[PDB]
Amino acid sequence: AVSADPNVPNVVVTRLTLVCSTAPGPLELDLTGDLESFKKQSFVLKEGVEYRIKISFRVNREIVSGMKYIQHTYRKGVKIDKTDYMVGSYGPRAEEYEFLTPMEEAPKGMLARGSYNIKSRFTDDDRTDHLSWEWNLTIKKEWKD
């Protein structure tokens with residue numbers, strides 16, 4: 001044989017970042033080992049600040065011509081917004097990359113405050129789903145003001 005055996009996927013969501021240029025820092029959601037530790041807590045978000053989201057993933061085996069990112073804004077148990085994000089063709093170079101979603105205002109309002117469960121399924125246009133999990137988003141008044 002040659003080198004070590006595969007028996008492992010080549011593309012998996014390594015982490016999720018949330019830059020807002022206002023909060024205390026980018027919320028990093030690890031998605032490789034402890035995945036059930038996110039359903040116990042949530043990321044404090046602002047009423048509706050325009051924040052961008054960046055998904056990270058390592059590719060060290062084959063190219064993924066058709067990387068996609070999904071996210072169902074589950075609210076009160078019911079879905080209120082879920083869509084896919086066409087990324088592009090990714091090839092294995094040496095390490096992982098970082099996707100970047102444009103602005104995204106959160107739900108604001110005296111009632112909008114609360115935890116919002118989200119279903120994200122990062123899949124590729126090949127024949128399966130690389131990885132998928134679920135994290136909640138707690139909206140508040142001001143995390144730094």
# chains A, B, ... in the order shown; residues from 1 in each chain; ligands from 1
>>> closest_atom_pairs(of="stretch 59-91 of chain A", to="stretch 111-118 of chain A", cutoff="7 Å", atoms="only C-alpha atoms", output="CSV")
residue,atom,partner,partner_atom,distance
A:71,CA,A:118,CA,6.2
A:72,CA,A:118,CA,5.2
A:73,CA,A:118,CA,4.6
A:74,CA,A:117,CA,4.8
A:75,CA,A:116,CA,5.3
>>> residues_around(residues="residue A:9", least_positions_apart="2", cutoff="12 Å", atoms="only C-alpha atoms", output="list in words")
residues 5, 6, 7, 11, 12, 13, 32, 57, 58, 59, 60, 61, 62, 63, 64, 128, 129, 130 and 131 of chain A
>>> residues_around(residues="residue A:26", least_positions_apart="5", cutoff="10 Å", atoms="only C-alpha atoms", output="PyMOL selection string")
chain A and resi 16-21+43+51-54
>>> write_last_selection(atoms="N, CA and C atoms", output="CSV table (one decimal), in the first residue's frame")
chain,number,residue,atom,x,y,z
A,16,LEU,N,-17.4,27.7,12.4
A,16,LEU,CA,-18.3,28.8,11.9
A,16,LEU,C,-17.9,30.1,12.6
A,17,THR,N,-17.7,31.2,11.9
A,17,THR,CA,-17.3,32.5,12.5
A,17,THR,C,-18.4,33.5,12.3
A,18,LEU,N,-18.4,34.5,13.2
A,18,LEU,CA,-19.5,35.6,13.0
A,18,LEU,C,-18.9,36.9,13.4
A,19,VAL,N,-18.4,37.6,12.4
A,19,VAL,CA,-17.8,39.0,12.6
A,19,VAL,C,-18.8,40.1,12.5
A,20,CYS,N,-18.8,40.9,13.5
A,20,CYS,CA,-19.8,42.1,13.5
A,20,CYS,C,-19.1,43.4,13.7
A,21,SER,N,-17.8,43.4,13.9
A,21,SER,CA,-17.1,44.7,14.1
A,21,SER,C,-17.7,45.5,15.3
A,43,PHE,N,-25.1,31.6,21.0
A,43,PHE,CA,-24.2,32.8,20.8
A,43,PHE,C,-25.0,34.0,21.0
A,51,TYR,N,-24.5,41.5,10.4
A,51,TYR,CA,-23.3,40.7,10.6
A,51,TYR,C,-23.0,39.7,9.4
A,52,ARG,N,-21.8,39.4,9.2
A,52,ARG,CA,-21.5,38.5,8.1
A,52,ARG,C,-21.1,37.1,8.7
A,53,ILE,N,-21.2,36.0,7.9
A,53,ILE,CA,-20.8,34.7,8.5
A,53,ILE,C,-19.8,34.0,7.6
A,54,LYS,N,-18.8,33.4,8.2
A,54,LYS,CA,-17.7,32.8,7.4
A,54,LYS,C,-17.6,31.3,7.8
>>> select_by_dssp(residues="stretch 22-95 of chain A", states="strand (DSSP E)", output="NGL selection string")
:A and (29-30 or 42-46 or 52-59 or 64-75 or 78-90)
>>> write_last_selection(atoms="N, CA, C and O atoms", output="short mmCIF file (atom, residue, chain, number, x, y, z; two decimals), in the first residue's frame")
data_model
loop_
_atom_site.label_atom_id
_atom_site.label_comp_id
_atom_site.auth_asym_id
_atom_site.auth_seq_id
_atom_site.Cartn_x
_atom_site.Cartn_y
_atom_site.Cartn_z
N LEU A 29 -17.85 28.55 16.04
CA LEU A 29 -18.58 27.29 16.36
C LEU A 29 -17.83 26.09 15.79
O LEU A 29 -17.89 25.81 14.61
N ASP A 30 -17.11 25.38 16.63
CA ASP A 30 -16.35 24.19 16.14
C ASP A 30 -17.30 23.12 15.61
O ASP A 30 -18.33 22.85 16.20
N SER A 42 -25.73 29.02 23.54
CA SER A 42 -26.01 29.73 22.26
C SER A 42 -25.09 30.96 22.13
O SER A 42 -24.42 31.34 23.07
N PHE A 43 -25.07 31.57 20.97
CA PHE A 43 -24.21 32.77 20.78
C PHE A 43 -25.04 34.05 20.97
O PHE A 43 -26.00 34.28 20.26
N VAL A 44 -24.67 34.87 21.92
CA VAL A 44 -25.43 36.13 22.16
C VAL A 44 -25.35 37.02 20.92
O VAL A 44 -24.28 37.48 20.54
N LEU A 45 -26.47 37.28 20.29
CA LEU A 45 -26.46 38.14 19.07
C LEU A 45 -27.21 39.44 19.35
O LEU A 45 -27.90 39.57 20.35
N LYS A 46 -27.07 40.42 18.49
CA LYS A 46 -27.75 41.73 18.71
C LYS A 46 -29.08 41.80 17.95
O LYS A 46 -29.22 41.23 16.89
N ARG A 52 -21.79 39.40 9.17
CA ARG A 52 -21.46 38.46 8.06
C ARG A 52 -21.08 37.10 8.66
O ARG A 52 -20.67 37.02 9.80
N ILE A 53 -21.21 36.03 7.91
CA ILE A 53 -20.85 34.69 8.46
C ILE A 53 -19.79 34.02 7.58
O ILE A 53 -19.88 34.03 6.37
N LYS A 54 -18.79 33.44 8.19
CA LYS A 54 -17.72 32.76 7.41
C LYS A 54 -17.61 31.30 7.82
O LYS A 54 -17.36 30.98 8.97
N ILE A 55 -17.80 30.40 6.89
CA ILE A 55 -17.71 28.94 7.22
C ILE A 55 -16.32 28.40 6.85
O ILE A 55 -15.81 28.68 5.78
N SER A 56 -15.71 27.65 7.73
CA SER A 56 -14.36 27.09 7.44
C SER A 56 -14.46 25.58 7.19
O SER A 56 -15.32 24.91 7.72
N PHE A 57 -13.58 25.05 6.37
CA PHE A 57 -13.61 23.57 6.07
C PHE A 57 -12.28 23.12 5.47
O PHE A 57 -11.69 23.80 4.66
N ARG A 58 -11.81 21.97 5.88
CA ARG A 58 -10.50 21.46 5.36
C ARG A 58 -10.72 20.53 4.16
O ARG A 58 -11.57 19.67 4.18
N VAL A 59 -9.93 20.71 3.13
CA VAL A 59 -10.06 19.83 1.92
C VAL A 59 -8.69 19.21 1.62
O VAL A 59 -7.81 19.86 1.09
N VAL A 64 -14.17 19.49 -4.63
CA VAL A 64 -15.64 19.46 -4.41
C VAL A 64 -16.32 20.48 -5.33
O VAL A 64 -16.73 21.54 -4.89
N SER A 65 -16.42 20.18 -6.59
CA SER A 65 -17.05 21.13 -7.56
C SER A 65 -18.53 21.32 -7.23
O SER A 65 -19.39 20.67 -7.79
N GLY A 66 -18.84 22.22 -6.32
CA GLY A 66 -20.26 22.46 -5.96
C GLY A 66 -20.42 22.52 -4.43
O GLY A 66 -21.25 21.85 -3.86
N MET A 67 -19.63 23.33 -3.78
CA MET A 67 -19.74 23.45 -2.29
C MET A 67 -20.98 24.27 -1.94
O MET A 67 -21.21 25.32 -2.50
N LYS A 68 -21.79 23.79 -1.02
CA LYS A 68 -23.03 24.54 -0.65
C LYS A 68 -23.15 24.68 0.87
O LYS A 68 -22.55 23.94 1.62
N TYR A 69 -23.93 25.64 1.31
CA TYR A 69 -24.12 25.86 2.78
C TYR A 69 -25.60 26.14 3.05
O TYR A 69 -26.18 27.02 2.45
N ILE A 70 -26.20 25.41 3.95
CA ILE A 70 -27.65 25.64 4.26
C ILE A 70 -27.82 26.11 5.71
O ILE A 70 -26.91 26.02 6.51
N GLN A 71 -28.98 26.61 6.04
CA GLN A 71 -29.24 27.09 7.43
C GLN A 71 -30.73 27.35 7.63
O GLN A 71 -31.28 28.27 7.05
N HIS A 72 -31.39 26.56 8.44
CA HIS A 72 -32.85 26.77 8.67
C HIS A 72 -33.07 27.54 9.97
O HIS A 72 -32.87 27.01 11.04
N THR A 73 -33.49 28.77 9.87
CA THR A 73 -33.72 29.57 11.11
C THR A 73 -34.93 29.02 11.86
O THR A 73 -36.02 29.55 11.79
N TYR A 74 -34.74 27.95 12.59
CA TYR A 74 -35.88 27.34 13.36
C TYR A 74 -36.28 28.27 14.51
O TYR A 74 -35.46 28.63 15.34
N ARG A 75 -37.53 28.65 14.57
CA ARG A 75 -37.99 29.55 15.67
C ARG A 75 -39.21 28.94 16.37
O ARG A 75 -40.16 28.53 15.75
N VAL A 78 -40.83 25.99 14.92
CA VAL A 78 -41.25 26.06 13.49
C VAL A 78 -40.17 26.75 12.65
O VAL A 78 -39.41 27.56 13.15
N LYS A 79 -40.09 26.43 11.39
CA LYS A 79 -39.06 27.06 10.51
C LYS A 79 -39.58 28.40 9.97
O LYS A 79 -40.70 28.51 9.52
N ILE A 80 -38.75 29.42 10.01
CA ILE A 80 -39.18 30.75 9.49
C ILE A 80 -38.33 31.17 8.29
O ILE A 80 -38.72 32.03 7.51
N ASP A 81 -37.16 30.59 8.12
CA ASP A 81 -36.29 30.96 6.97
C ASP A 81 -35.17 29.93 6.78
O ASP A 81 -34.31 29.78 7.62
N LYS A 82 -35.18 29.24 5.67
CA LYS A 82 -34.11 28.23 5.40
C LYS A 82 -33.75 28.23 3.91
O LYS A 82 -34.59 28.00 3.06
N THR A 83 -32.50 28.48 3.59
CA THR A 83 -32.09 28.51 2.15
C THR A 83 -30.67 27.94 1.98
O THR A 83 -29.96 27.73 2.93
N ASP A 84 -30.27 27.70 0.75
CA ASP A 84 -28.91 27.15 0.49
C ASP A 84 -27.98 28.27 0.01
O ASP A 84 -28.43 29.29 -0.50
N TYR A 85 -26.69 28.10 0.16
CA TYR A 85 -25.72 29.15 -0.29
C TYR A 85 -24.73 28.57 -1.30
O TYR A 85 -23.79 27.88 -0.93
N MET A 86 -24.91 28.86 -2.57
CA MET A 86 -23.96 28.33 -3.60
C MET A 86 -22.58 28.95 -3.39
O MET A 86 -22.42 30.16 -3.44
N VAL A 87 -21.58 28.14 -3.16
CA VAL A 87 -20.21 28.68 -2.94
C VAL A 87 -19.39 28.63 -4.24
O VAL A 87 -19.09 29.66 -4.82
N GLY A 88 -19.03 27.46 -4.69
CA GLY A 88 -18.24 27.35 -5.95
C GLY A 88 -17.47 26.02 -5.97
O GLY A 88 -17.79 25.11 -5.24
N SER A 89 -16.47 25.92 -6.81
CA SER A 89 -15.68 24.65 -6.89
C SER A 89 -14.45 24.74 -5.98
O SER A 89 -13.67 25.66 -6.07
N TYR A 90 -14.28 23.78 -5.10
CA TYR A 90 -13.12 23.80 -4.17
C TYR A 90 -12.17 22.64 -4.48
O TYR A 90 -12.60 21.53 -4.72
#
>>> atom_distance(atom1="atom CA of residue A:135", atom2="atom CA of residue A:109")
21.1 Å
>>> atom_distance(atom1="atom CA of residue A:15", atom2="atom CA of residue A:91")
18.5 Å
>>> decode(residues="stretch 28-53 of chain A", atoms="N, CA and C atoms", output="mmCIF file, in the first residue's frame")
data_model
loop_
_atom_site.group_PDB
_atom_site.id
_atom_site.type_symbol
_atom_site.label_atom_id
_atom_site.label_comp_id
_atom_site.auth_asym_id
_atom_site.auth_seq_id
_atom_site.Cartn_x
_atom_site.Cartn_y
_atom_site.Cartn_z
ATOM 1 N N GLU A 28 -16.929 31.592 17.293
ATOM 2 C CA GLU A 28 -16.378 30.419 16.554
ATOM 3 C C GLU A 28 -17.110 29.136 16.954
ATOM 4 N N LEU A 29 -17.851 28.554 16.045
ATOM 5 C CA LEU A 29 -18.585 27.294 16.364
ATOM 6 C C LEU A 29 -17.828 26.089 15.795
ATOM 7 N N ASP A 30 -17.113 25.378 16.630
ATOM 8 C CA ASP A 30 -16.346 24.188 16.143
ATOM 9 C C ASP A 30 -17.305 23.117 15.612
ATOM 10 N N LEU A 31 -16.969 22.505 14.506
ATOM 11 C CA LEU A 31 -17.853 21.448 13.928
ATOM 12 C C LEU A 31 -17.016 20.250 13.481
ATOM 13 N N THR A 32 -16.230 19.709 14.377
ATOM 14 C CA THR A 32 -15.377 18.535 14.026
ATOM 15 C C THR A 32 -15.437 17.478 15.136
ATOM 16 N N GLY A 33 -15.379 17.899 16.376
ATOM 17 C CA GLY A 33 -15.426 16.922 17.505
ATOM 18 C C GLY A 33 -16.696 17.139 18.332
ATOM 19 N N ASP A 34 -16.566 17.755 19.482
ATOM 20 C CA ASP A 34 -17.763 17.998 20.354
ATOM 21 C C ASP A 34 -18.830 18.795 19.597
ATOM 22 N N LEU A 35 -19.747 18.112 18.958
ATOM 23 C CA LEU A 35 -20.822 18.818 18.197
ATOM 24 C C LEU A 35 -22.084 18.959 19.058
ATOM 25 N N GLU A 36 -22.277 18.067 19.999
ATOM 26 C CA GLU A 36 -23.491 18.137 20.871
ATOM 27 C C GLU A 36 -23.313 19.161 22.004
ATOM 28 N N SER A 37 -22.182 19.824 22.074
ATOM 29 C CA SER A 37 -21.965 20.828 23.161
ATOM 30 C C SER A 37 -22.527 22.205 22.767
ATOM 31 N N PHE A 38 -23.103 22.331 21.592
ATOM 32 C CA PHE A 38 -23.661 23.653 21.168
ATOM 33 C C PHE A 38 -25.144 23.738 21.533
ATOM 34 N N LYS A 39 -25.821 22.619 21.563
ATOM 35 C CA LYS A 39 -27.273 22.625 21.922
ATOM 36 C C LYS A 39 -27.465 23.011 23.398
ATOM 37 N N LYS A 40 -26.406 23.026 24.174
ATOM 38 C CA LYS A 40 -26.531 23.392 25.617
ATOM 39 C C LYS A 40 -26.439 24.912 25.790
ATOM 40 N N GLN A 41 -25.770 25.584 24.886
ATOM 41 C CA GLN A 41 -25.641 27.069 24.992
ATOM 42 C C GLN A 41 -25.954 27.731 23.645
ATOM 43 N N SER A 42 -25.728 29.017 23.542
ATOM 44 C CA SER A 42 -26.008 29.734 22.261
ATOM 45 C C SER A 42 -25.094 30.956 22.131
ATOM 46 N N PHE A 43 -25.070 31.570 20.973
ATOM 47 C CA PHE A 43 -24.208 32.774 20.777
ATOM 48 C C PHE A 43 -25.035 34.046 20.972
ATOM 49 N N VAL A 44 -24.667 34.868 21.923
ATOM 50 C CA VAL A 44 -25.432 36.132 22.161
ATOM 51 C C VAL A 44 -25.349 37.024 20.920
ATOM 52 N N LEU A 45 -26.465 37.279 20.289
ATOM 53 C CA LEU A 45 -26.463 38.142 19.071
ATOM 54 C C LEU A 45 -27.214 39.443 19.350
ATOM 55 N N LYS A 46 -27.072 40.416 18.487
ATOM 56 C CA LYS A 46 -27.753 41.726 18.708
ATOM 57 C C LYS A 46 -29.077 41.804 17.952
ATOM 58 N N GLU A 47 -30.027 42.526 18.524
ATOM 59 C CA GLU A 47 -31.403 42.715 17.924
ATOM 60 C C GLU A 47 -31.452 42.511 16.401
ATOM 61 N N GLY A 48 -30.535 43.092 15.667
ATOM 62 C CA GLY A 48 -30.550 42.910 14.185
ATOM 63 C C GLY A 48 -29.316 43.548 13.546
ATOM 64 N N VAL A 49 -28.177 43.485 14.195
ATOM 65 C CA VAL A 49 -26.947 44.095 13.590
ATOM 66 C C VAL A 49 -26.629 43.429 12.246
ATOM 67 N N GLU A 50 -26.062 44.167 11.326
ATOM 68 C CA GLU A 50 -25.703 43.571 10.003
ATOM 69 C C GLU A 50 -24.401 42.780 10.159
ATOM 70 N N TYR A 51 -24.498 41.497 10.405
ATOM 71 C CA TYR A 51 -23.265 40.679 10.600
ATOM 72 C C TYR A 51 -23.032 39.722 9.424
ATOM 73 N N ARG A 52 -21.791 39.398 9.169
ATOM 74 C CA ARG A 52 -21.463 38.457 8.061
ATOM 75 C C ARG A 52 -21.081 37.100 8.657
ATOM 76 N N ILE A 53 -21.213 36.034 7.907
ATOM 77 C CA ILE A 53 -20.847 34.691 8.461
ATOM 78 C C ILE A 53 -19.791 34.021 7.583
#
